[PDB]
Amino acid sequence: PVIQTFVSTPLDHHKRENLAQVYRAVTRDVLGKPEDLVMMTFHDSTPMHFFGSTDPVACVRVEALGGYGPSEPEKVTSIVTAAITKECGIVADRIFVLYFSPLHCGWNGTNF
């Protein structure tokens, strides 16, 4: 999978590593995929606007070839929202989690 984390607040090494461990665990335990194959990007201090303000806010984008099992997006949204609040202090009503599925995905020069 790919998880892209956009937050309006600064990240630091601790936050990035803690979120990476959450995302690895979600990939293994919820999505049932190898934790070494979630590619994670972090985009901090992003100028954002939501709900009338530029206050701390987050958008996490999840991409997984093949989509998601029936109960998986509800679980990922709960876990990711709690982790962003824990690590970044961003409140749950300023966190979006969006889910996509690419048509194709290449790794190591070949498509899955």
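Numbers follow the displayed sequence, beginning with 1.
When 39-47 is weighed against 65-73, 65-73 comes out higher, by mean CA B-factor as recorded in the entry. Among the modelled residues of its chain, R24 has a C-alpha B-factor that falls in the lowest third according to the deposited record. Ranked by Cα temperature factor within the chain, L103 sits in the lowest third according to the deposited record. Ranked by Cα temperature factor within the chain, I95 sits in the lowest third according to the deposited record. Per-chain ranking of the deposited C-alpha B factor places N111 in the middle third. Per the PDB record, residue ranking by Cα B-factor puts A83 in the middle third of the chain.
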